[PDB]
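What follows is one structure encoded as structure tokens, with my remarks underneath.
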Amino acid sequence: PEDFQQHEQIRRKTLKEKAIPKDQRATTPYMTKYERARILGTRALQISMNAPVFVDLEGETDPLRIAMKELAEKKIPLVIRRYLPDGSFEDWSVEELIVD
Amino acid sequence: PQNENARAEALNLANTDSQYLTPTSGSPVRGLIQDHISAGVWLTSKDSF
Amino acid sequence: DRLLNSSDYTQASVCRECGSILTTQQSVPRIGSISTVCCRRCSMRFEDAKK
Amino acid sequence: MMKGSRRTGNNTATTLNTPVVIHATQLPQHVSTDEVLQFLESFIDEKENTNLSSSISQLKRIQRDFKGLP
Amino acid sequence: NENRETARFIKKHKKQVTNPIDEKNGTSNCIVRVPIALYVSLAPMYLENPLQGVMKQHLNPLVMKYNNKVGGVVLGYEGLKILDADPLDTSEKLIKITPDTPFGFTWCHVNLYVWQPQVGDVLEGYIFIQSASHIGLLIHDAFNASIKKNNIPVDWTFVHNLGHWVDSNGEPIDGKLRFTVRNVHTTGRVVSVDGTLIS
Ligand SMILES: [Zn+2]
């Protein structure tokens, strides 16, 4: 009631500190081959649990091959949280990157 | 392996085809070894008709 | 996978004041009560109830 | 064993049962009869357009408690 | 030494906002609003409709059970407010997937209305039935109450049969009854209420 007020004020301001917006972000505009892994895991890990599938899957049982059919059409609704070792981060959607 | 965050890694990170060059000095580690190498200099020879 | 999810994947209980794992405990309920989770060293007995 | 194994369904608290941390962000403030019965007119109109069929009836009894007669 | 460490315990249990004796009905005021913050676990199948997934999985089983954090039976809610993890209000907010699950957790503000019983309260509700050693009640058509002979004076006897009540006026007693609430005991799943009569 009063000391969680002195706990969410501190935290979300500290969470507001280390964000780097779309004009200040200067890391790589590529998908760095581990991003392509963990997307194709966790996107396929959602589709196994009856998450909505934004592609016309045509007789595919593997969540992995289904998730590689959404990445080929830039359909995956994930946002990559690229940390920097000070603690800061830059937020990157799947749509604005280039899959090699 | 037992979940789908790992099955993608075994197909994309630590698969064999991406491990074509060694990460030591960039030399290849795949390749045919004994049978076909000495066999291939007979099919590529000029008398193969 | 190979050091938690397929060797000793355990979901224990942690008290979020004293910071322990062993000293958490499922409560032995009263015969109409519901077995909750209570810790040990954050727990002091009822005898210390001065005013 | 026979009593200790079904206590996983006694609590039956996954993350799909309970929220993890429950922190009241502000102080408790009382709501009067003109506000409760307008809350119970507003919210119960929303959940009637699934389960929760038991607790809707339980709040209809509190609704009729401030507008009618048992 | 052990005088300021006890304040960690005195401030621990004692609720702040009292139940003032309002509108001179004899009843105090016990329906109280407080806003909270959950910590949800949104389903993968409720990715398309994430407002319906937070309410159905964590808020529809939240009403009409006694809650050990607010200290009250949750009467009702309204107004979910899912936060965001991008500190940019708008539609496409974004939540954070746990690394091992497809379940992504987030923060939500939401507003509750509960029932607030305390000590020192005086309330009024209908009596259902009674006995020669206890009298049970109903409050707000949701809430039990029981008044027993260890809360009842001596000269109030009992006409015997359903046997009705005999007060010092010699009458079977009516439905609505003023009573003082004793310690509340939440042993069963049904929220049990104890009460007294004498001042
Ligand atoms: Zn401990």
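Overview of values
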item	result
Residue ID - surrounded by the most Cβ atoms within 10 Å (Cβ to Cβ), chosen from residues in the stretch E:167-197 that are touching an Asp or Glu at 6+ places or on another chain (Cβ under 8 Å) and of a type in the set (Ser, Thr, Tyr)	E:180
Members of the stretch A:45-62 that are in a loop (DSSP other than H, G, I, E, B), closer than 15 Å to residue A:75 by Cβ and of a type outside the set (D, E, K, R)	A:51, A:52, A:53, A:54, A:55, A:57
Selection status of residue E:78, facing chain D (nearest Cβ under 9 Å) and acidic (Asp, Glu)	yes
Residues located in the stretch C:23-51, provided they are within 12 Å of chain E (Cβ to nearest Cβ) and among the small types (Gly, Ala, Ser)	C:32, C:33, C:49
Hits in the stretch D:1-16 - residues which are among the polar types (S, T, N, Q), surrounded by fewer than 13 Cβ atoms within 10 Å (Cβ to Cβ) and part of a loop (DSSP other than H, G, I, E, B)	D:5, D:12, D:14
Unique residue being among the polar types (S, T, N, Q) and in a loop (DSSP other than H, G, I, E, B) when the list is E:111, E:60	E:60
Search result, residues across the stretch E:23-43 that are more than 8 Å from chain D (Cβ to nearest Cβ) and out of contact with any strand residue (DSSP E or B) (no Cβ under 8 Å at 6 or more places or on another chain)	E:23, E:24
Residue E:164 being surrounded by fewer than 16 Cβ atoms within 10 Å (Cβ to Cβ), touching a strand residue (DSSP E or B) at 6+ places or on another chain (Cβ under 8 Å) and either closer than 30 Å to residue E:30 by Cβ or more than 10 Å from chain D (Cβ to nearest Cβ) (or both)	yes
Tally, over the stretch A:89-100, of residues that are loosely packed, with under 13 Cβ neighbours inside 10 Å, within 13 Å of another protein chain (Cβ to nearest Cβ) and under 21 Å from residue E:94 (Cα atoms)	1
Single condition residue C:4 does not satisfy, out of (1) within 16 Å of the ligand (Cβ to nearest atom); (2) touching a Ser or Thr at 6+ places or on another chain (Cβ under 9 Å)	(1)
Residue count for the stretch D:26-70, restricted to those that are out of contact with any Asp or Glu (no Cβ under 7 Å at 6 or more places or on another chain) and in a loop (DSSP other than H, G, I, E, B)	15
Flag if residue E:157 is among the polar types (S, T, N, Q) and either touching a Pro at 6+ places or on another chain (Cβ under 8 Å) or surrounded by 13 or more Cβ atoms within 10 Å (Cβ to Cβ) (or both)	no
Qualifying residue in the stretch E:53-64 (condition: of a type in the set (A, V, I, L, M, F, W, C) and at positive phi)	yes
Within the stretch C:31-48, tally of residues that are away from the ligand (no atom under 15 Å from the Cβ) and more than 23 Å from residue E:66 (Cβ to Cβ)	3
Leading residue by the ranking (nearest to the ligand (Cβ to nearest atom)) among those in the stretch C:10-30 that are part of a strand (DSSP E or B) and farther than 21 Å from residue D:5 by Cα	C:20
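Each row is one residue, and each column tells you yes or no for (1) closer than 20 Å to residue A:85 by Cβ; (2) more than 10 Å from chain B (Cβ to nearest Cβ); (3) in contact with a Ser or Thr (Cβ under 7 Å, 6 or more places away or on another chain).
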{"position": "A:3", "(1), (2), (3)": "no, yes, no"}
{"position": "A:6", "(1), (2), (3)": "no, yes, no"}
{"position": "A:20", "(1), (2), (3)": "yes, yes, yes"}
{"position": "A:23", "(1), (2), (3)": "no, yes, no"}
{"position": "A:33", "(1), (2), (3)": "yes, no, no"}
{"position": "A:56", "(1), (2), (3)": "no, yes, no"}
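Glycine gets a Cβ as well: all are built from the backbone with ideal geometry, and neighbour counts include every protein chain shown. All of the numbers you see were taken from the coordinates with simple rules; none came from a lab.
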